[PDB]
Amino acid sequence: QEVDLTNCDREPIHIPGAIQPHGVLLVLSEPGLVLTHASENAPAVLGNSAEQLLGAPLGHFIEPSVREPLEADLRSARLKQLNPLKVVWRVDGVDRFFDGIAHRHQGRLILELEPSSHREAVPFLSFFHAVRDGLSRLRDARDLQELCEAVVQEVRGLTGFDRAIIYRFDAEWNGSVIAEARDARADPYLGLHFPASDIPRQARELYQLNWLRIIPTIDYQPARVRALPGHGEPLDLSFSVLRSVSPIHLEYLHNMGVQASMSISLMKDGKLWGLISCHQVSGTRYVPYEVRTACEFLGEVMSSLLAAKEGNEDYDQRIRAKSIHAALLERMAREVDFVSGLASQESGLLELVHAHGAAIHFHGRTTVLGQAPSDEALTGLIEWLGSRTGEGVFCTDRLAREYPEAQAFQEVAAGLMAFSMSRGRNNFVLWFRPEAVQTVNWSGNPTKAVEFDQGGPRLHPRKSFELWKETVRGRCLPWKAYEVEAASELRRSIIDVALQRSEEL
């Protein structure tokens, strides 16, 4: 079944029927540009009832000389490049002005309007340095930590947020604030780890598709979006800038001492790698669209630069694991008994994967070798592998995750990377790896990252985000990239020499 969701990971955050009400969301028939949905905050923002708007066509509302460029663009298929649209809305005789942000999703033409006149606004000059020098900084970064600290310093400067951090996910979707720029007010989260549940699975998948979100104030009544009959099905809002956010995450931000936020998905190889997260500890922050997408852009630049700087690499060992491998291959090549030819290679075989223990099961007939004992316990380990898959190279940093019968062993302090030699799948190779104990600095108590109501099943976020030092056992140090090719390569060589052996009969 693979994975494996929980109570958070089920909420449907993409169709709440409601938008954040500092702006107005509409959807327009194509090609009529007739309004089928409007949001009930329309009189507060545009000066019209919802009633008035529905079934009416957009051109009726717009000051007559900007009808042509707006309508032309709304039917353009190159629209995502055209945001923001200049929107002048005329009631009676007087004008108001909006950032129009149009998009299409699941066959709907959605248009959101952000009041753009009486504005926060940012001077062009710091908008100019943030994207021009921003670009220059990320390009000149010498390592990942310069890349990160350039991003947050630049986002903070351009937004004037109280806090801005780089948040990096891990293989289990825990996260960790690995860089930060802040005003002295806000408490520093630099160093903290957060549970994978602060950004649950449906959120995470959304932010892989939509890369930009802002909550300008966490205190608002949602504006319901009306529609006229024939469109009662809840409208998809994945890509709506104004979508109402999961109110329990509003609760979360409350307990985190933060009154506004903005985040930006960071992407590597197509999956979510981390966030740019920004916080205002007190005060709303209604950041104009233009400033946001400049922030999104520094995001997309930093993402694309990950590999070319996160690849500070490890430019040896690889070469020598290649050289260790050559050695093990040449020795196996030469004994008629190559299982005993690899077990005579205790140090070359342990050091290939940086394992501190190994075991070889073949025609019977286990031969342990390193220091990871089990032996009585290991016969249950090995053809537990024999059951439902251990193909190709099995690899884990916490064997007590997949086979918690290891909890009682030395644990994944006797740490496993394995495979089978023949696909008749009963000849195995194991590797074992000692513990890394590691103190880990958590925000609040991960044990209890979620609270429950009265007497009530509804969930709530933790009230405490203060440093809480867990110590972690089971886990050892990560199996690096180069360690699992080395394992498949040695698998490839066992297969070759076995095949050569039998060609010799």
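One-based numbering along the sequence shown.
Stretches compared: 476 to 484, 461 to 469. Higher mean C-alpha B-factor in the entry: 476 to 484. When the two stretches 307 to 315 and 269 to 277 are set side by side, the higher mean Cα temperature factor goes to 307 to 315. When the Cα B-factors of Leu242, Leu109, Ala406, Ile248 are read from the PDB record, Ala406 comes out highest.
For the set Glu146, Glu296, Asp375, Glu290, the maximum C-alpha B-factor listed in the entry falls on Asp375. When the modelled residues of the chain are ordered by their C-alpha B factor, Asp496 lands in the lowest third.
In this PDB entry, the Cα temperature factor of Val155 sits in the bottom third of its chain's modelled residues, the lowest group. Sorting the modelled residues of the chain by their CA temperature factor places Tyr252 in the lowest third. Annotation for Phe432: CA B-factor lies in the highest third of the chain's modelled residues. In this PDB entry, the Cα temperature factor of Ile199 sits in the bottom third of its chain's modelled residues, the lowest group.
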